[PDB]
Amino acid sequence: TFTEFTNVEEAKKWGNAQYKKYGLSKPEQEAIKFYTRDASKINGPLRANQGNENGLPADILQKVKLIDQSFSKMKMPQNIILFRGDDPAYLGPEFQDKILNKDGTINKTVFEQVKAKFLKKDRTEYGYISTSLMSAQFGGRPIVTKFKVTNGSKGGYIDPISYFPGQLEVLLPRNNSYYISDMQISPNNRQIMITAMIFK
């Protein structure tokens, strides 16, 4: 069974209880905080260099190593549901500009091609994955992903050290493969809903 938090008070309670056990060092905490300030400064270079840490500028490499090292301390204590909102660029360059009709609705014909590319297949990203324990904040995004993450999987609640407290952010490792088990158009026809699974 996967736990889904429906209320901020309960979500903060859970997250804080786990965060207290991490014992992240000061350099680990500073590298994660730097990431939260603007994830693009880390995920950008990682995409640019196709995950090859040796190509990163020395200062970014150092932050990547500390964040990577921090996941030795951060594991999910139970099966849990996490959320991420995305823009059309997430689907790739061949879809970015065709997936939405002029009126903001999802193009049903192109969506069939998106399914063909992604549905029941794995995908791996070069960047770390930022999610939230709650979905509310992603309500107006064109793509919302619900990640089902199993107990024991790497990942941590970092809200207490985030630059932007209250986002209820859970950070997942980079180069992290997930399986897309479902994709649907939402009832209002203006959103794509993706279900993805992570087991490590």
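Numbering starts at 1 and follows the sequence shown.
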Problem set entry | Residue stretch of maximal mean CA temperature factor, 95 to 103 vs 124 to 132 | 95 to 103
Exercise. On average, which has the higher Cα B-factor in the deposited entry, 55 to 63 or 35 to 43?
Worked result: 55 to 63
For this session: Select one of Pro160, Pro27, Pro173, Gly156: the residue whose C-alpha shows the highest B-factor in the crystal structure entry.
Result: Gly156
Exercise. Among the modelled residues of its chain, does the C-alpha B-factor of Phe147 lie in the lowest, middle or highest third?
Worked result: lowest
Exercise. Taking the C-alpha B-factors as the PDB entry records them, is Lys108 in the lowest, middle or highest third of its chain?
Worked result: highest
For this session: Just say lowest, middle or highest third for the CA B-factor of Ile194 relative to the other modelled residues in its chain.
Result: lowest
Exercise. If you rank every modelled residue in this chain by C-alpha B factor, which third holds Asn49: lowest, middle or highest?
Worked result: lowest
Problem set entry | Within-chain third of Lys115 by Cα B-factor, per the entry | lowest
